[PDB]
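>>> Build the 3D model from these lines:
(one chain, ligands or ions: 4)
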Amino acid sequence: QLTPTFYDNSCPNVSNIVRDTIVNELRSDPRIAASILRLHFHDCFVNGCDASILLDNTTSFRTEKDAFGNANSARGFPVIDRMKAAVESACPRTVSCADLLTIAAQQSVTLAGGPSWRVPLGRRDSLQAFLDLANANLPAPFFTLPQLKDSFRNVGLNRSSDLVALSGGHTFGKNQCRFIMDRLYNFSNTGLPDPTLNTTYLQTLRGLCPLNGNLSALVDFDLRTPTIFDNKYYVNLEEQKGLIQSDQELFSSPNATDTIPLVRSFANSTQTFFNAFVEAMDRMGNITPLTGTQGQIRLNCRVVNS
Ligand code: HEM
Ligand SMILES: [Ca+2]
Ligand SMILES: [Ca+2]
Ligand SMILES: [O]
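Residues are numbered from 1 along each chain as shown. Ligands and ions are numbered 1, 2, ... in the order given. Take a look at the structure below.
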């Protein structure tokens, strides 16, 4: 069983070291907190939170970094290396990369203004990476609500609260124009924009992402507070201002009878959202972990110990 006190004797300063690393990085890269939270999400949705996503290519298995959902998108890997090295210095061969990334995600959320809590610990590191599984398990922005629900259920998160609360991760961070071009100019082969996108916001987004423009250009997920972790993400949805299709469907999908009340409840109360976010985050962090003597304590998060 994972426990928040797992390193209280072996490495009491781990969370502090992780926090210091992120604080320093945030000075030059204000996007890093969002990026790190996302790395944990993409780790957990593929064989569980086992740091499998951190492994680089080998001649026997491909890296998950080349998955459709990670390539030219996932980032912050060197920062994870930095905190890992610092933690290894403070406590040699003690903290797994899987746990390190979990703590980094929580600290990132807190540093951005979100809730503060002690995540369950005791996870161990995978002995391989899963590229095919990542391509199959990571959700896509063009997913319908039923598909999003399917994706979460597939990894072990059955609750709509899991989906709605964790989607709140889009209260900060960036998104490439490529992922919303359809909503802006030709949605579902209609030759028209997505009708669930607020028309005034549509104009703004079209200005940021013109047709035939730079598809790699970045836009903010949350037009209200781009870098602050708060419940504004949900207020946007209520006004049809969710950035990507998967965001807005939580409120506008014909299958949203169960998610609409959740969106409203999180938009109405920060406390309600923060509580739900912590609960859902811990549930995601509890997806098929390697524990006890299973797996190992990777020394270099990019390679399996030899
Ligand atoms: C519900 C399904 C989800 C879909 C389809 C989805 C999709 C996306 C997409 C398309 C991007 C933009 C990537 C890019 O432009 O390179 C992104 C970024 C991001 N997502 Fe998600 N996401 C989902 C769930 C989540 C969850 C569960 C979390 C965390 C709890 C999360 C946190 C983030 C963050 C923080 C960013 C910004 C990363 C950065 O700026 O580096 N996402 N997501
Ligand atoms: Ca994983
Ligand atoms: Ca925000
Ligand atoms: O994401």
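>>> now the helices: where do they sit in the stretch 1-150 of the chain?
Counting by DSSP state H, counting those that start in this stretch, the stretch 1-150 of the chain has helices at residues 14-28, 32-44, 77-90, 97-111, 131-137, 145-155.
>>> for stretch 285-295, which positions count as buried?
285, 286, 287, 289, 290, 295 (16 or more other CB atoms under 10 Å). In this view, the C-beta of every residue, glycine as well, is placed from N, C-alpha and C.
>>> let me fix that: stretch 156-169
So, applying 16+ other CB under 10 Å, buried residues of stretch 156-169: 157, 159, 160, 161, 162, 163, 164, 165, 166, 167, 168, 169.
>>> name the element the first one belongs to?
Right, residue 157. Assigned by DSSP states H and E, residue 157 belongs to no helix or strand.
>>> Can you give me the distance of it to residue 251?
19 Å (CB to CB, to the nearest Å).
>>> from the buried residues of stretch 285-295, which single one is nearest ligand 1?
Top of the list for closeness to ligand 1, among the buried residues of stretch 285-295 and by CB to the nearest ligand atom, is residue 285 at 10.3 Å.
>>> if I look at that closest one, how far off is residue 31?
Relative to residue 31, and taking CB to CB, residue 285 is found at 22 Å.
>>> Spell out which parts of the stretch 1-150 of the chain neighbour ligand 1.
31, 34-35, 37-38, 41, 73, 75, 139-141, 143, 148 (CB under 6 Å from any ligand atom).
>>> Mind putting those into a markdown table with distance to residue 83 and neighbour count?
As requested, these are exported to a markdown table (distance: CB to CB, whole Å; neighbours: other CB atoms under 10 Å):
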| residue | distance to residue 83 | neighbour count |
| --- | --- | --- |
| 31 | 17 | 17 |
| 34 | 16 | 24 |
| 35 | 13 | 21 |
| 37 | 14 | 25 |
| 38 | 16 | 21 |
| 41 | 18 | 21 |
| 73 | 21 | 17 |
| 75 | 15 | 17 |
| 139 | 27 | 20 |
| 140 | 29 | 14 |
| 141 | 29 | 19 |
| 143 | 32 | 16 |
| 148 | 31 | 25 |
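>>> For ligand 3, tell me which of the residues you listed show up nearby.
Taking CB under 5 Å from the ion as the test, ligand 3 is in contact with none of these.
>>> Just name the closest of these to residue 126, please.
residue 41 (16.3 Å; CB to CB).
>>> Contacts only, for that closest one.
Residues in contact with residue 41 (CB atoms under 8 Å, 6 or more residues apart in numbering) are 105, 166, 169, 284.
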